[PDB]
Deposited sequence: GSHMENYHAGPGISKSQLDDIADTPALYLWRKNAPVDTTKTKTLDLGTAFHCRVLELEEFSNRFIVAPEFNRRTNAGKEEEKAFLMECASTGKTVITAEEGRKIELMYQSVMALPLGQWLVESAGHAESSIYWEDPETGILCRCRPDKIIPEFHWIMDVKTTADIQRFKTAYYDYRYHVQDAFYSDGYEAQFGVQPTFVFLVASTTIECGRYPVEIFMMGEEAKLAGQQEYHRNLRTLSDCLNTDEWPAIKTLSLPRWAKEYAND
């Protein structure tokens, strides 16, 4: 297949951990049903397919009814567009094949939405960064434009699985220019580093450590 964002996340850590992923055995024993977001993700998107695949099945129906509340979100879930459609493109600079498959893509006005669920909508507002959700904006937006004509509107639709004051809050987030850019420079920086490993068949694994700030080694 191609290089997804989930991949550039591995090279980001350490080039080696990239091919590690594609080997380390998993413990096939999904015991928690915690992927309620995976469920929500399907409810919101594939509405029929949803009925397929506890006393929690009520939350999912309540949450979904919550995003239908705020207009901008209701518009997103509705409108006219495609869902899991994949997108492929060669990165101009590295010539590498990239792949990203936007949760929902509204053709008419070039809008890309991405469903995500959390426990703290407030925490999100700063957490996203460590999930590299800005690199996920830059990366889909770049692959999108570079295949459909122009940079789309990337909008994160976040929903909470932790009722607050009687309801389940929802929030539509968009990446700020300063960050959208940082993300674009990150994946390219990632792509280049991935390109070396290929041609020069070497994938460093050693993560070098450096004294922390509180290090008494300098007050």
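Mapping the modelled residues onto the deposited sequence reveals missing stretches at 1 to 10, 64 to 97, 264 to 265.
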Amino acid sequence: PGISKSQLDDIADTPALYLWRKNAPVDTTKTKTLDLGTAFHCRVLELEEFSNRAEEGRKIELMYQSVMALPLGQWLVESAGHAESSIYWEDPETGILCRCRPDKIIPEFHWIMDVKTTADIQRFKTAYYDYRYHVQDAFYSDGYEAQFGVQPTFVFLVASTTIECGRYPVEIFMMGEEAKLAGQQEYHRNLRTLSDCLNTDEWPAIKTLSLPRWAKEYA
From here on, numbers count along this sequence of modelled residues.
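Taking the mean C-alpha B-factor of each stretch as recorded, 196 to 204 and 21 to 29 are not equal, and the higher mean is that of 21 to 29.
When 41 to 49 is weighed against 151 to 159, 41 to 49 comes out higher, by mean CA B-factor as recorded in the entry. Per the PDB record, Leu34 has a higher Cα B-factor than any other of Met174, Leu191, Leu34, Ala179. In the PDB entry, a CA B factor belonging to the lowest third of its chain's modelled residues is recorded for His134. Sort the modelled residues of the chain by CA B factor and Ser66 lands in the highest third. In the PDB entry, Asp120 places in the middle third of its chain by CA B-factor. In the PDB entry, a CA B factor belonging to the highest third of its chain's modelled residues is recorded for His82.
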